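Colleague:
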Amino acid sequence: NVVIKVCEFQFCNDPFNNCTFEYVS
Amino acid sequence: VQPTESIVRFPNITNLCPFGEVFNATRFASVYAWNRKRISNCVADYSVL
Ligand SMILES: *[C@@H]1O[C@H](CO)[C@@H](O[C@@H]2O[C@H](CO)[C@@H](O[C@@H]3O[C@H](CO)[C@@H](O)[C@H](O)[C@@H]3O)[C@H](O)[C@H]2NC(C)=O)[C@H](O)[C@H]1NC(C)=O
Ligand SMILES: *[C@@H]1O[C@H](CO)[C@@H](O)[C@H](O)[C@H]1NC(C)=O
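First to last, the sequence lines map onto chains B and A. Counting with PDB author numbering, you get residues 125 to 140, 164 to 172 for the letters of the first sequence. Numbering-wise, PDB author numbering comes out as the position in the second sequence, counting from 1, plus 319.
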């Protein structure tokens, strides 16, 4: 499903902290 | 015609606050190493407290 997150991610080009919200549709 | 009563409606309650885990934690935090989290996007059922 659609996944939503709000972290301070280190992934400057692709993934393949501070996560104050998460959701899945 | 006067309004005979007042009706109030909202969506069903869902997604209660993590207080239910916090105040049932046998591992409850030592004051020299106190710990926390943001309770957000939740039903804060403070009436139960
Ligand atoms: C921490 O966990 C406890 C245990 O689940 C939560 O409080 C207690 O929750 C139970 C339901 O799981 C309540 O029991 C029910 O009460 C009604 C009304 O008297 C009765 O008709 C049912 O047969 C059943 O016994 C219980 O009243 C409730 N309170 C206490 C003091 O045991 C508690 O809510 C959790 N902590 C937080 C902050 O949510
Ligand atoms: C985000 O993370 C940094 C480093 O861990 C921390 O200083 C800051 O207070 C955090 N802020 C939030 C809103 O989580």
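The beta carbon of each residue, even a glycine, is placed where N, CA and C say it ideally should be.
Measure the Cβ-Cβ separation of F168(B) and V130(B) and say whether it is below 8 Å.
Modeller: Yes, Cβ-Cβ distance for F168(B) and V130(B) is below 8 Å.
Colleague: Verify the contact flag: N164(B), CB atom, against every heavy atom of ligand 2, threshold strictly below 7 Å.
Modeller: Yes - ligand 2 has a heavy atom lying nearer than 7 Å to the Cβ of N164(B).
Colleague: Look at the Cβ atom of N354(A), then the Cβ atom of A363(A), and state whether they are nearer than 8 Å.
Modeller: Not in contact: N354(A) and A363(A) (Cβ atoms no closer than 8 Å).
Colleague: If I follow the unbroken beta strand (DSSP E) through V127(B), where does it start and stop?
Modeller: Its beta strand (DSSP E) spans residues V127 to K129.
Colleague: Going by the DSSP bridge assignment, what does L335(A) pair with across the sheet?
Modeller: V362(A).
Colleague: Taking 7 Å as the cut-off, does the CB of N137(B) come closer than this to any heavy atom belonging to ligand 1?
Modeller: No, since every heavy atom of ligand 1 falls outside the 7 Å radius drawn around the Cβ of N137(B).
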